[PDB]
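Below you'll find only one chain, the form deposited in one PDB entry, shown as structure tokens.
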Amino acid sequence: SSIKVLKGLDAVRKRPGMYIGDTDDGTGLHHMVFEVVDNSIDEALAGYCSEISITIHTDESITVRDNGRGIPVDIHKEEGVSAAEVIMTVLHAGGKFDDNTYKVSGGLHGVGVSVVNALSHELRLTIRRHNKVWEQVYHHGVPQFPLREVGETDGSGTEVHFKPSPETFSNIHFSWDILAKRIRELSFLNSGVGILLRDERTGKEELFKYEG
């Protein structure tokens, strides 16, 4: 089972353009952010998330944080690992790739966040759920340790800090303009959700919240 999962992540790293799009022209790089944000938006659509933040760090890493339920943490009998680890490591975890419905939400969201994990040289997942803080670190999608309880919290939600792999992507430089344009659109499409974009490289920040 563990070998099968590692092979799946290796397949993403072998042919990244088939999962994320062009790895040189910035389209795949920005898709990495948009896939993580789309998971937070799904939590807003479900009725649990009102706040999403996207932070661009000085090392061109990204943090996406939401105040949703937090990815479930309970250990599966079958995989022997947290539900969260399965979500972060298995393409379309728990289900099929929907060849009928990918045209609406995109193929990338159809395979899911495990692609972002596979194509990140490092990813830190922090979950706030049931008053506990859980963390898991990955490298190229491979967990460093099982999801572990690291603290207590009054908050809930999911935080993903990822560093795109320079083995996958050339010209790893995020565009404020590309991110802001899409975030403004997501705000318009998702009334009441506050989407905060912060660029620590420049000190630029902008809250997008549509009240229509």
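By rigid core we mean the largest C-alpha set that fits within 1.5 Å across both forms. Shifts are known only where both forms have a C-alpha. The first residue of the shown sequence is 1; numbering continues from there.
> For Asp98, do at least a third of the other compared PDB entries give no atomic coordinates?
Yes, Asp98 lacks coordinates in at least a third of the other compared entries that model both of its neighbours.
> In at least a third of the other entries we lined up, does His109 end up with no coordinates?
Looking at the other entries that model residues on either side of it, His109 is missing from at least a third.
> Which of the two stretches, 194-202 or 13-21, shows the higher mean Cα temperature factor in the record?
The recorded data point to 194-202.
> Check the entry's C-alpha temperature factors for 29-37 and 57-65, then say which stretch has the higher mean.
Comparing 29-37 with 57-65, the higher average CA B-factor belongs to 57-65.
> Per the coordinate record, which of the options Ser120, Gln136, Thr89, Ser105 holds the highest CA temperature factor?
Highest C-alpha B-factor among the listed residues goes to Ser105.
> Go through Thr126, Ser82, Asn100, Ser114 one by one and give the residue whose Cα B-factor in the PDB entry is largest.
It is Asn100.
> Using only modelled residues of the chain, where does the Cα B factor of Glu185 rank: lowest third, middle third or highest third?
Answer is middle: the recorded C-alpha B-factor places it there.
> Split into thirds by Cα B-factor across the chain's modelled residues, where does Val150 land: lowest, middle or highest?
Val150: CA B-factor falls in the highest third of its chain.
> Test of reading the entry: by CA B factor among the chain's modelled residues, which third contains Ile172?
Highest third.
> Lowest, middle or highest third: where is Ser156 by C-alpha B factor in its chain?
Tercile = highest for this residue's CA B-factor.
> By the record's CA B-factor, is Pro166 among the lowest, middle or highest third of residues in the chain?
CA B-factor rank for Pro166: highest third.
Another form exists, deposited in another entry; not displayed. Remarks below refer to it.
> Superpose on the rigid core, then report which one of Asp98, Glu135, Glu79, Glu122 has a CA displacement of at least 2 angstroms between this form and the one not shown.
Result of the superposition: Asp98 is the only one at 2 Å or more.
> What direction does the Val104-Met88 Cα distance move in the other entry compared with the shown chain, closer or farther, given a change of 3 Å or more?
Residues separate in the other entry, at least 3 Å farther apart.
> Did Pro166 and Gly106 drift closer or farther in the other entry, going by a CA distance change of 3 angstroms or more?
Closer in the other entry, by 3 Å or more.
> After superposition on the rigid core, which segments of 3 or more consecutive residues show C-alpha displacements of 2 Å or more between this form and the one not shown?
Flagged stretches (3+ res, CA at least 2 Å): 5-7, 93-111.
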